[PDB]
Amino acid sequence: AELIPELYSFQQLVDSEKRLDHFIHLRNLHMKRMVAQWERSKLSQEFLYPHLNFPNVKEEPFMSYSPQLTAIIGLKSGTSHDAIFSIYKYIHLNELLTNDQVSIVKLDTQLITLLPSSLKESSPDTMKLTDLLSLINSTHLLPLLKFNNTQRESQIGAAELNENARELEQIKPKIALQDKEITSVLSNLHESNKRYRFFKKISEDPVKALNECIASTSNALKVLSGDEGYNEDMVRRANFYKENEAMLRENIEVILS
Amino acid sequence: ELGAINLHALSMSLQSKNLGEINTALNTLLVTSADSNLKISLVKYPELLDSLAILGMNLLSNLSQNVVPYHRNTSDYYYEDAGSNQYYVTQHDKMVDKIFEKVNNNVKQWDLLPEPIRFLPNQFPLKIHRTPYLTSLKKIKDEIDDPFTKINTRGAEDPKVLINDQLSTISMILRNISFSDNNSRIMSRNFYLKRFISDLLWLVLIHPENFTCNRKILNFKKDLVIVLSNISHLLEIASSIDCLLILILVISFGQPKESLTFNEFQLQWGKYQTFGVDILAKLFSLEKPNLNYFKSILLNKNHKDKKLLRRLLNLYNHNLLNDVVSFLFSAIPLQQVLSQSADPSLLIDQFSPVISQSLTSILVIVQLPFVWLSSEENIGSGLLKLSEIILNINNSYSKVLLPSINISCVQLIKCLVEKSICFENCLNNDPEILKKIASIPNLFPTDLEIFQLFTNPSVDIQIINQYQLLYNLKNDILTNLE
Amino acid sequence: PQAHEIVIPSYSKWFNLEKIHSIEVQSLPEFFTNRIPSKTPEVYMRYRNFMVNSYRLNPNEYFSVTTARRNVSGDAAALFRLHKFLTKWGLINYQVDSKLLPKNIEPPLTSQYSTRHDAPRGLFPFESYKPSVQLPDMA
Amino acid sequence: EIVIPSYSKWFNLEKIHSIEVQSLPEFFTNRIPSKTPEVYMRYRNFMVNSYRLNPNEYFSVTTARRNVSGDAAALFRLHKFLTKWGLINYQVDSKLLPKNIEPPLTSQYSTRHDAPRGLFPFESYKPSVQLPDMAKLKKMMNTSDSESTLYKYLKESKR
Amino acid sequence: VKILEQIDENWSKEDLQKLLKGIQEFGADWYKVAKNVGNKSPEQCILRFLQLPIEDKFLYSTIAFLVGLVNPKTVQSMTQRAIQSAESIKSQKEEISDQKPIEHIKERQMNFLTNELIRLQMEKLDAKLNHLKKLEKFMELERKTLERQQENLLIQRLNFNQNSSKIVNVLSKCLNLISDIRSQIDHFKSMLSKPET
Amino acid sequence: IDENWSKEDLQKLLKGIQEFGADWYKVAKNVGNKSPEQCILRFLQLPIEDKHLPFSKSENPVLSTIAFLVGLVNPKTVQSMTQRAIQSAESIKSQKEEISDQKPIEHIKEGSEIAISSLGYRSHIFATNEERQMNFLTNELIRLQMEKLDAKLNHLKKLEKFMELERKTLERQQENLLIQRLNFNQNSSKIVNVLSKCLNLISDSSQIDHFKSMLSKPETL
Amino acid sequence: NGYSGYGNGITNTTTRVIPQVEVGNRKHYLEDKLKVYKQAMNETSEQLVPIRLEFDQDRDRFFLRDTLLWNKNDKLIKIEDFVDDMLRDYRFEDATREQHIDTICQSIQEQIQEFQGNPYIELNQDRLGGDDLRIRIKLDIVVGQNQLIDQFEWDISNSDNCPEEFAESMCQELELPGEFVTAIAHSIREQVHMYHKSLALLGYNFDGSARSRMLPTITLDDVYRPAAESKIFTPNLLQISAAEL
Amino acid sequence: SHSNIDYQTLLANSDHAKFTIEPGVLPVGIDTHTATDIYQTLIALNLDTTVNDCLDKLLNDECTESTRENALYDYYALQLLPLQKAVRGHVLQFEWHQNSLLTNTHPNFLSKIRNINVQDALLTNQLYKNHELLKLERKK
């Protein structure tokens with residue numbers, strides 16, 4: 001877990017450059033968040049690209065509108081999408097909507113004049129704008145080189161995003177190898193640390209260190225095998241003059257025994 | 001294993017001798033571990049919990065007092081006699097004895113059951129143990145084999161480790177008991193259990209050294225936060241100290257390194273950092289004018305208790321709850337938004353919403369001298385992209401999705417407006433803030449997205465309003481900027 | 001005179017018909033603040049030993065608090081308190097019922113004590129080679 | 001005429017000791033008319049002389065209730081008092097109260113789960129010590145295993 | 001040699017005398033032996049009997065502090081078997097001599113090419129940090145610029161579409177007044193013709 | 001007690017151990033038929049196996065050498081040809097006074113032995129731990145090299161990718177800008193034309209302010 | 001191994017869980033005492049309460065003719081719980097509706113709700129050994145097969161004297177074993193109470209003589225020890241008889 | 001040239017991770033089992049010697065009936081020693097058993113909640129809603 005990427009907690013921090021390579025790793029995490037959000041940023045910037053159809057200034061898609069339409073938006077041609085978003089915002093601003101479905105909008109001659117032949121005049125409604133979208137997508141959009149331009153649009157950023165992803169993946173496995181090396185050298189550091197601790201402790205006062213390491217080795221021998229509570233106390237005097245729980249435990253025993 | 005039938009072992013546990021305590025505690029622990037068919041019902045149980053908390057309190061106490069129990073030279077430790085009495089003496093005639101006494105030569109208070117909890121003289125608050133999950137490797141380094149392991153992996157050749165492992169086992173079995181109905185039995189009414197929790201906390205964090213293996217400390221923290229997870233009701237008697245304790249406990253996790261202090265956790269190691277926010281929601285939902293209010297006082301920057309409280313805040317050095325914010329900001333992002341699909345999300349998604357809930361709740365509690373802002377090239381907010389993810393999911397577990405996205409949007413708007421109005425009221429910063437606010441790629445869903453949204457799903461009315469008012473504030477900021 | 005075999009749940013093996021123990025006071029303190037003179041450790045012990053004797057007499061069959069209340073009293077409340085207390089601690093009304101078993105046998109049995117690996121105190125299963133004899137031993 | 005507890009050898013069958021009034025003040029509030037040092041004198045003197053009549057046999061208090069119809073409260077109290085000073089009932093070993101019981105002494109114990117009654121160790125043995133038998137093997141003999149042999153080894157190899 | 005067991009207090013000589021006499025030919029019947037002694041509790045006998053030395057057998061080390069286990073023996077472990085004779089002061093003066101020899105043979109624990117390397121590492125660290133943060137803030141400010149300008153363009157388009165629609169509604173009102181782009185000029189010409197009439 | 005040597009023996013001993021130092025085989029070779037240990041314990045003023053001690057139980061033996069052996073091993077290991085310790089050799093009077101002082105049965109000898117033991121340890125300890133810290137810093141420098149590699153590759157990624165993205169975005173932005181500019185230009189022009197027209201019409205019955213003003217003005221009637 | 005946790009028990013079974021198998025029958029109560037008891041009865045204690053219980057009358061079928069005491073200063077026991085414990089101790093049919101306990105606790109609290117302990121005679125007044133007015137207490141009891149009657153002075157004005165001493169003293173009869181003495185003191189505390197209780201209805205709890213029925217119901221000065229046939233009411237008698245109650 | 005015998009130099013280096021040894025250092029003093037077992041034996045040896053000694057002493061009746069009784073109790077205690085050792089071990093293992101509290105093992109403790117389930121989240125929301133609704137009502 002946490003062990004795998006690092007172990008740096010405290011090592012006496014001799015020649016404490018560990019803070020510095022720490023900071024290095026920190027800034028690596030910084031760059032990681034950076035690149036992540038950058039990929040997301042490029043995604044987002046793309047998002048609009050497939051959905052826009054404004055570029056006209058540098059087959060031909062700008063279909064002309066109806067007299068009603070040029071009365072509505074004052075614009076003569078283009079795509080239906082632009083017109084429908086426009087009338088969408090129109091409904092928004094005039095607020096002819098209703099919110100009990102919501103697409104029911106209070107009709108107005110500014111609008112109903114778009115379909116007056118079906119005697120919609122018989123009923124100015126509060127009806128689904130979707131019904132109008134269905135109405136005005138061919139009912140008033142009609143008619144009455146630069147092929148290269150179709151290239152220079154959304155596809156661009158998509159392709160370059162793919163290139164960037166590809167080269168990032170290209171560099172990834174080298175990073176993986178470096179991480180393996182990191183783990184290795186870390187474990188080696190760790191062992192060497194243990195050794196140094198041991199050795200300096202020996203430097204302190206070898207008598208006590210020797211006694212303790214010896215006893216610990218013996219104890220390890222034993223625990224790695226069957227275990228016994230007391231190696232000693234055949235020297236009865238000590239553990240019995242200097243101990244009395246023997247009395248109580250005994251008492252408990254004899255009752256059953 | 002097997003055998004091991006009765007429940008009434010409590011009696012022996014209630015008894016004050018090492019022997020019985022071992023005999024029961026170990027057994028009953030093994031018991032509550034088994035679950036294949038083994039559960040601890042509730043009929044006239046409670047006595048069990050009482051006994052348990054009493055034992056733990058006393059042991060931890062005289063441990064803090066650094067004195068071994070179970071073995072002295074006193075015994076049957078009060079009066080023993082067969083004096084001049086049949087059944088009714090110590091009336092007037094008793095003074096005759098005085099007379100008798102004056103011629104032959106020729107009231108109390110009683111303490112309560114448990115000991116006090118805090119104000120203990122030896123235990124005086126000095127900052128130690130505010131260290132993160134990192135200590136695991138410390139643990140490793142501790143548990144590492146070495147000529148001086150001092151891990152008496154065997155029994156108590158000295159009583160210190162005995163008390164240690166005793167308390168450890170108690171904690172563990174307490175955890176295991178806490179996984180069912182009968183949480184109500186544990187529900188904040190075992191005043192004993194709560195005293196235990198409190199003083200145990202007050203030790204584990206303000207811990208003058210008597211604990212042997214740091215791993216024991218980890219175990220304590222761990223099963224403690226777990227058993228907390230299985231509480232969903234009141235806490236915080238003598239609150240303030242306990243509230244700060246719990247906050248530090250949850251803050252235990254997550255990697256530290258103004259700005260956010262917490263590297264978001266790479267979610268493939270831990271599962272406790274979960275439990276943390278889980279509790280900080282559940283055991284914090286109670287808007288009763290206590291808990292929320294305790295943390296509200298924790299906004300600030302017998303009676304001696306109050307001295308303690310500030311005593312720790314400056315002993316945690318401005319503000320601090322920003323750290324809580326940063327902590328809350330972990331485990332959500334940067335992995336699911338960096339995956340290859342949105343389906344593996346749903347799992348930790350189930351976990352996610354309580355976090356945002358906690359957050360927006362605490363933002364009801366911030367409406368005075370501060371400097372706070374938490375969108376500074378620290379998180380951005382993929383919350384928008386996340387919302388888009390769950391949206392696309394909607395039109396393509398369950399029961400949590402819509403509320404999650406809704407509250408995400410609400411969070412966005414509320415934190416935005418609160419930041420703005422706060423640094424307006426202080427007015428210690430240039431209007432650049434607006435420009436600063438206006439400079440986020442992770443912000444303000446594009447109006448084209450609004451439009452296309454306004455059409456297809458038609459099943460998100462409330463969410464539509466959310467985005468609507470969001471965009472409204474956006475456009476407002478744009479306008480009034482100039 | 002003694003005519004019965006009286007057993008107790010061992011953990012209780014701290015009680016002594018002669019003396020008192022910190023246990024019970026922490027469970028029945030109302031006789032020890034020395035505030036109510038009509039109560040005292042002494043009358044407590046009197047009641048205590050009286051009731052335990054009563055039970056131990058014919059323990060095969062139950063004994064009630066109401067019984068003692070009829071017999072002796074200085075209070076109903078405290079009487080009941082301590083009676084039910086001792087009940088809990090099984091010092092009284094513990095052998096009200098009897099239960100038996102044929103107890104078939106298994107490879108382990110109480111009369112089985114042989115030579116085998118030992119967890120207890122030291123033991124040496126290998127004594128000495130030949131050249132050990134080569135020492136000017138103690139005489 | 002009859003010996004009493006030595007320390008008690010001070011009574012005044014004709015007077016009131018300050019020890020009395022100090023012990024029992026109720027007869028001296030000078031408020032209760034029904035009570036007076038006089039009637040208490042009569043009380044005590046009657047009581048003690050009556051016991052003096054056949055002190056070879058005990059004398060109870062209920063008698064006094066029968067015999068003076070004073071307040072049995074003070075009667076019982078003073079009776080206890082005089083017995084406490086042995087002034088009464090110094091020749092008897094009887095008149096005790098029953099419980100139809102006596103404190104028994106037999107007991108048994110059993111609370112088996114696994115730990116007490118032994119934690120069930122492995123079996124063992126070795127009640128009695130044993131003999132090395134090597135003493136003869138160690139005994140100086142010209143048929144020594146190696147003792148004489150190693151002696152000769154030293155003496156033939158040290159050159 | 002000459003092991004004396006008349007060595008106990010609070011129990012008379014004859015106390016333990018009768019004690020051991022019983023346990024000799026009575027085989028640990030603690031009840032019997034308690035009966036067989038002068039008013040001591042059976043458990044008392046057990047305890048006292050349990051604290052009876054055999055002070056002539058335990059001799060005062062490597063084995064004297066370890067049993068049923070031991071250090072291996074093919075290397076120089078006998079150093080253990082010679083564990084101590086002057087431990088404290090010996091090791092103290094030994095540390096004295098050790099530091100002394102250190103200082104003597106001596107005439108920081110690194111060399112100077114080392115110090116060169118160290119300074120170079122430090123400088124590279126600083127330079128990398130600076131490059132990092134500079135490029136970071138640079139990207140960030142570029143992003144902010146682009147964003148601000150983007151939303152600017154957005155609201156610009158919004159306001160101007162609004163203005164278009166606005167004047168459209170205005171001219172619609174005007175057309176209504178006439179009661180008594182293509183459609184724009186159309187209605188304009190219609191109004192002009194009406195004015196001619 | 002005394003030991004088998006001569007004047008010139010120990011003379012050349014001292015001379016050579018000053019000449020060579022810490023290489024006991026070498027100086028030993030400077031006096032034939034002499035064990036290095038002989039030459040070692042003689043400087044330590046020590047005989048061979050004439051006395052365990054904390055354990056009367058000793059290893060069985062009839063002719064061997066155990067304690068002094070490891071003693072000399074540790075001693076020679078010390079290499080402190082100028083070991084400051086219990087009295088050393090500069091003139092035979094040093095040994096004279098040592099014997100004059102050496103009067104304990106063995107205890108003094110034992111203290112001296114364990115002292116030299118500890119000494120050799122301490123020396124090896126210092127040297128070893130020095131090498132340890134050396135290895136430590138080596139490993140850390142390696143870590144630094146790894147971090148450098150990481151950072152460098154990331155830098156390349158940053159430069160290339162992000163310069164590309166920002167360039168393309170800037171281009172898109174400026175396109176959008178100028179196109180909407182001219183759009184609104186066409187709009188405003190059209191609006192002004194309409195303004196002229198409606199102005200004429202009303203007269204025969206920004207400036208949008210005055211337009212609507214005259215509009216409501218005529219709308220009165 | 002062995003089997004013991006609850007009455008020679010069973011510890012060798014199909015390895016299940018069993019909560020507190022202790023009942024003689026519905027007999028396990030220790031739950032919920034610790035905190036409340038400590039915090040409550042660490043403070044002063046005060047008067048007690050005699051109580052009589054009659055339910056055998058031809059309105060309900062019982063053997064309820066027992067007495068007992070009580071501390072009105074107590075709030076530690078759900079009285080009904082105590083009642084049910086008593087009833088199960090009386091081995092009655094477990095159906096405690098036909099063995100209605102509500103009626104019983106009703107009678108109980110009813111009786112308790114007419115008490116003040118001793119009056120200001122204890123609450124604020126303190127007369128050394130009381131003042132006067134030793135009531136000619138008349139007590140008869142019917143135990144086992146024998147009845148016993150007595151009459152004797154016993155002060156109402158004094159607090160310094162408790163009943164139970166008289167009980168253990170008159171125990172010095174044949175055996176007066178156990179069961180007797182209790183009721184005596186009970187009756188005692190019964191007998192006395194009503195009087196000053198009735199006197200509490202008036203107002204002499206401080207002053208001397210009262211107002212009309214207290215006149216015949218008194219002892220006098222008694223300047224001299226009495227005759228043999230008057231006090232010949234004080235003595236006591238033990239008589240066998242066929243019961244007709 | 002050679003002398004049938006090899007030697008060691010003083011200028012080589014160390015991998016610092018070797019696995020080779022050589023009996024050119026004389027760490028002779030391999031004394032683990034030998035000394036241990038001879039000590040053990042010697043114990044009982046000298047013991048039995050003392051046994052025979054006190055036995056013969058008390059047997060020689062020419063010795064005082066003030067020395068004898070000593071030796072008699074001595075033989076008693078000695079012949080009894082293994083018994084006390086045994087029961088000692090009994091009670092010792094018994095008390096030692098108390099210091100065992102499953103430090104030996106480290107079982108899982110039912111860390112069930114891998115995630116907090118749906119019930120947890122919806123419970124949080126439900127509690128919030130109910131609490132706020134009661135709040136709204138408190139003045140109604």
# chains A, B, ... in the order shown; residues from 1 in each chain; ligands from 1
>>> interface_residues(of="chain D", to="chain A", cutoff="8 Å", atoms="only C-alpha atoms", output="MDAnalysis selection string")
chainID D and resid 108:110 116:118
>>> residues_around(residues="residue 30 in chain D", least_positions_apart="6", cutoff="12 Å", atoms="only C-alpha atoms", output="PyMOL selection string")
(chain D and resi 36-38) or (chain G and resi 127-128+131)
>>> interface_residues(of="chain C", to="chain A", cutoff="12 Å", atoms="only C-alpha atoms", output="list in words")
residues 7, 8, 9, 10, 11, 12, 13, 14, 110, 117, 118, 119, 120, 121, 122 and 123 of chain C
>>> select_by_dssp(residues="chain H", states="helix (DSSP H, G or I)", output="number ranges by chain")
H: 33-59, 68-98, 118-138
>>> interface_residues(of="chain A", to="chain F", cutoff="8 Å", atoms="only C-alpha atoms", output="PyMOL selection string")
chain A and resi 15+18+21+24-25+28+31+35+42+55-57+157+164+168+171+175+178+182+185+189+192-193+195-196+199-200+202-203+206
>>> closest_residue(among="G:220, G:244, G:133, G:189", to="residue 208 in chain G", atoms="only C-alpha atoms")
G:133
>>> residues_around(residues="residue 76 in chain D", least_positions_apart="5", cutoff="12 Å", atoms="only C-alpha atoms", output="PyMOL selection string")
(chain B and resi 92-93) or (chain D and resi 43-44+47+60-65+70-71+81-83) or (chain G and resi 154+161-170)
>>> interface_residues(of="chain A", to="chain E", cutoff="7 Å", atoms="only C-alpha atoms", output="VMD selection string")
chain A and resid 67 70 to 76 205 207 218 221 to 222 231 235 to 237 240 247 251
